[PDB]
Amino acid sequence: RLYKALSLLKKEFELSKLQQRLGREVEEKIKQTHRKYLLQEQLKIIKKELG
Amino acid sequence: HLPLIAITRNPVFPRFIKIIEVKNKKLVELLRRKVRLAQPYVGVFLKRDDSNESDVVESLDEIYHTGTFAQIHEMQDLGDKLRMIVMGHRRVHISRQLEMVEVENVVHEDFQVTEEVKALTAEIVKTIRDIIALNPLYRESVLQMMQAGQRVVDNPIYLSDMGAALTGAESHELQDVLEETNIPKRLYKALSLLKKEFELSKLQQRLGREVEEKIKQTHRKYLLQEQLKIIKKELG
Amino acid sequence: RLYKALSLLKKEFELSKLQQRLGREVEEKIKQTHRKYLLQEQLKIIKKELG
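Protein chains in written order, with the entry's author numbering: chain D, 358 to 408; chain A, 123 to 221, 272 to 408; chain C, 358 to 408.
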C-alpha cells in the first residue's frame with residue numbers, strides 16, 4: 358500500500374512537473390517579447406495619466 | 123433574417139451577463155419587432171479591425187463571422203431608450219454573415285484521458301489568482317463560484333473562455349483565440365494573454381511601490397533635517 | 358414645547374451636517390491635491406527611468 362502510494366506520488370509529481378514546465382516554456386516564449394515593449398507600455402501609461 | 127446589431131465596441135464575453143446600450147434607435151425597431159415573438163432572441167458578434175458604425179450598416183463583412191446567439195433576458199431602459207441585456211450562450215461561426273445560414277459548430281474535441289486535460293485550467297486559475305490578488309477588480313467570489321473542487325462546472329470550455337476574458341487584450345486578439353479549435357492551442361493562446369497581463373501588472377505594482385519608498389525616504393530625510401534644526405535651535 | 362424642542366434639535370442637526378459636509382469636502386480637496394501630486398511624481402519617475 359505504501360509503494361502504490363509512492364508510485365502515485367511519482368505520477369503526480371511528473372504531472373506537476375510537466376505542467377509547471379509547460380507553463381515555464383510557454384512563459385519563456387512569452388518573455389521573448391522585448392522589454393522595450395514594456396517600456397512602450399510605460400509610455401502609454403504616462404499618457405493615460407497625462408490628459 | 124434580422125439586420126445585424128451594431129455592437130459598437132461592446133465585447134460580450136461568453137457566460138457572463140452583460141448589457142448593451144447602442145446609441146442608434148434603429149436597432150430598437152428590431153427589438154420591438156422581436157417583442158411579439160414567443161421566443162425572442164438576439165445575436166452577439168464581435169467587430170473586426172477598424173471599427174466604423176456606418177460600415178456596420180453599409181457592409182456586413184466588418185462584423186466577424188463569429189456570433190454568440192443567446193436568448194434575451196429583460197429590458198430595463200431606465201435612461202436611454204435602448205438598454206438590451208445580452209449574455210453568451212450559443213456560440214456560432216457563421217459560414218457567411220453576408221448571406272444568415274448557421275450551424276452550431278461548437279467544436280469540443282477532447283483527449284481520451286479526461287482526468288489531466290482540465291489541469292491546465294488549474295494553472296490558468298492560479299495565474300488568475302495572482303492577478304485578482306495583486307490587482308483586485310472584481311470579487312474573487314466569482315472564481316469561488318466556479319471552483320475546481322465544487323463539481324458545478326458542467327461546461328469547462330466556457331470556463332476557460334471566461335478566464336481568458338479576464339485578460340485585458342483587445343477583441344481582435346480574442347478573435348485570434350476563437351480561431352483556435354484545438355483545446356491545448358486555444359488554452360495556450362489564452363495563457364499567453366494571461367501572462368501578457370501578468371508581467372505588465374507586476375511591473376506596475378513594483379514601480380508604484382518603488383516610487384513610494386523613494387518618497388518615504390525623502391520624508392525620512394526631511395524629518396532628519398527637521399530634527400537636527402530643532403536640535404540646533406533649542407539646545408546649545 | 359415638544360415641537361419646539363424637536364425644532365431646536367433639528368436646528369443643531371442642520372448646523373452640524375453643514376459643518377461635516379464642509380469638513381469632509383475640504384479634506385478630500387486636500388487628498389485630491391496630494392493624490393494628484395503623487396500621480397505626477399510617478400509620471401516623473403517613469404520619465405526618469407527612461408527619459
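A virtual CB, placed ideally from N, CA and C, is assigned to each residue, including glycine.
Spell out the partners DSSP gives A/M206 in its beta bridges. A/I142
What separation, rounded to the nearest whole angstrom, lies between the Cα atoms of A/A160 and A/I194? 11 angstroms
Could you tell me if A/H187 is buried or exposed, where buried requires 16 or more neighbouring beta carbons within 10 angstroms of its beta carbon? buried
Would you list, in chain order, the members of the stretch 371 to 393 of chain D that have their beta-carbon closer than 7 angstroms to a beta-carbon of chain A? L372, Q376, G380, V383, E384, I387
Of all the options A/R218, A/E295, A/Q389, which has the alpha carbon lying nearest to the alpha carbon of D/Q376? A/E295
Assess, as a yes-or-no matter, whether the stretch 171 to 182 of chain A is touched by the stretch 205 to 216 of chain A under the definition of 3 or more beta carbon pairs within less than 8 angstroms. no
Taking the beta carbon of A/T286 as the centre, do at least 16 other beta carbons fall within 10 Å, making it buried, or is it exposed? exposed
Suppose contacts are defined by Cβ-Cβ distances below 8 angstroms. Is A/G165 in contact with A/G201 by that definition? no
Just to confirm, are A/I387 and C/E398 a CB contact at a threshold of 8 angstroms? yes
Can you give me the C-alpha to C-alpha distance between A/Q219 and A/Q347, rounded to a whole angstrom? 15 angstroms
Presumed contact (8 angstroms Cβ cut-off) between A/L149 and A/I127, rounded CB distance: 6 angstroms
Is A/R205 closer than 8 angstroms to A/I141 when the C-beta atoms are compared? yes
Whole-Å CB distance - A/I355 paired with A/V289, under 8 angstroms assumed: 7 angstroms
C-beta contact flag for A/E352 and A/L365 at 8 angstroms: no
Name the residue from A/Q389, A/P136, A/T390, A/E342 whose alpha carbon lies nearest to the alpha carbon of residue 85 of chain A. Here chain A has residues from 123 to 408 only, and residue 85 of chain A is not among them.
When you compare only the Cα positions, how much space is there between A/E184 and D/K367? 52 angstroms
Am I right that A/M318 and A/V325 are in contact with their C-beta atoms under 8 angstroms? What's the rounded C-beta distance? 5 angstroms
Please say whether A/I303 and A/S373 have beta carbons closer to each other than 8 angstroms? yes
Can you tell me where the alpha helix (DSSP H) with A/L153 in it begins and where it stops? 148 to 157
By a C-beta neighbour count over all protein chains shown, 10 Å radius and 16 as the cutoff for buried, is A/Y330 buried or exposed? buried
Nearest residue (CA-CA) to A/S332, options A/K203, A/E143, A/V297, A/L309: A/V297
Please list, in chain order, the chain A residues whose beta carbon lies closer than 9 angstroms to that of D/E398. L372, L375, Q376
Can you give me the Cβ contacts of A/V144 inside the same chain, cut-off strictly under 7 angstroms, excluding the 5 residues immediately before and after it? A128, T130, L204
Name the chain D residues that come within less than 9 angstroms of A/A362, Cβ to Cβ? Within chain D, no residue comes near A/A362; the closest Cβ sits about 11 angstroms away, beyond 9 angstroms.
Does A/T339 pass the burial test, meaning 16 or more other C-beta atoms within 10 Å, or should it be called exposed? buried
Determine the burial state of A/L309: buried for a count of at least 16 other Cβ atoms within 10 Å of its Cβ, exposed for fewer. exposed
Against chain A, does D/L366 count as a neighbour if the rule is that its beta carbon must be under 8 angstroms from one of theirs? no
Give the DSSP bridge partners of A/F167, in chain order. A/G189
Within a Cβ cutoff of 6 angstroms, which residues of the same chain sit near A/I216, ignoring the five residues on either side of it in sequence? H187, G189, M272, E274
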